[PDB]
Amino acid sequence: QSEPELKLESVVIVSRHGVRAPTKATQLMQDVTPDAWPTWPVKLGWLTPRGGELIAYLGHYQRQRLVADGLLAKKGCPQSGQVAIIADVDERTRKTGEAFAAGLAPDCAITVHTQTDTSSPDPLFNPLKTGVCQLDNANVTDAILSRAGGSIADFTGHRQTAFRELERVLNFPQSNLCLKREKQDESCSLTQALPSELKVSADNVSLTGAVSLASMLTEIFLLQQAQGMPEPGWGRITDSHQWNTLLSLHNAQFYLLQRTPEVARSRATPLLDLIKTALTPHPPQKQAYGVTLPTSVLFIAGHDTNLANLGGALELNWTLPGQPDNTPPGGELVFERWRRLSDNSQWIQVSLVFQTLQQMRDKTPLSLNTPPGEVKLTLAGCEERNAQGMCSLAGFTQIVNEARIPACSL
């Protein structure tokens, strides 16, 4: 046989919460569709049992995968301080932490660590909102518009095919918003009825109108699907190409508001710092959250905004075959440090682990034989690499230090 030349030494998983009920149910939503939105089992913005199971599946799998890689024992509960789990203060992220622990080491008491004050935002998951740092308005306004080809109108103008597909699913033409149209001289259109304006403040960036509404509407259609509801979008979404076209509006909003470096770098700094420290070898010690780092496996329950920010900041671009959502619920940005046995040099690998939309629809159990999707990522800013295509620890450390915004560190 041929022995392993690389040995997995540390794992850091930044995961998006699991499938949850549509965070909202506004009046605008019922005005763009004559149909009735299907009710969910849990409260809005809360993780659903199905969501928790799906996450637990990923956990079962990572346990198997890490065992095969020898970082985790095949049996029993991992050693005290071998696996750490951190979660944003939200209900949905906290439960994603539990769901993942339960699947990684069932019956084992792995606590999920969060900010002590759960009624207040955790700066780790967004240093802007809690005033840790601010965005430079003018620079951010030009960066975002620049990414939009100069104007939001042109941006949307290039995605009308998708907007029309959405309108088709909503039967928007016979909607209240369209029917009570004050300018029924022109044809009905989401982008026209709801003009999208770019709003930039010190702690926040938003895109009103159809851009943000479609992002939310299309995602919900995805959530219904992943939740196994009878007929997502009222049985009007019948093929893969329609799923991709719809969710593209969702990815578009994030490409602009969450991946733009001028937003991503500041919003991703706290996590970059944590990830780097966790991936770098040094003397273990109770640190932020009462956790001990380094260790072996660190799992962080966050949001789609976080993975998108990290992608933007680290210049990591990906498309997930079989999954129309760029950063889907359960999706995991995985960082791994491998040590080359030859000279004991340190290396790091980044990938995106996700469940295809179908794997969520049929709630298919994962394991080495039936794995979730996976896309090995390349750091576009990394020069020093190994035969495996990974970035050196020094390269990655450099990429992190140059991308982070000192002013936004915790």
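When you see a residue number, it is the position in the sequence shown, counting from 1.
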Per the PDB record, is the mean Cα temperature factor higher over 60 to 68 or over 38 to 46?
38 to 46
Of 172 to 180 and 258 to 266, the stretch whose C-alpha atoms average the higher B-factor in the entry
172 to 180
Highest Cα B-factor in the deposition, which of 350, 55, 382, 357?
382
Identify, among 97, 127, 312, 290, the residue whose C-alpha carries the highest B-factor in the deposited PDB entry.
290
Give the position of residue 234 by CA B-factor within its chain, expressed as the lowest, middle or highest third.
highest
Residue 107: which third of its chain by C-alpha temperature factor?
highest
How does residue 18 rank on Cα B-factor within its chain, lowest, middle or highest third?
lowest
Split the chain's modelled residues into thirds by Cα B-factor; residue 187 lands in the highest
Where the record places residue 77 (Cα B-factor, split into thirds across the chain)
highest
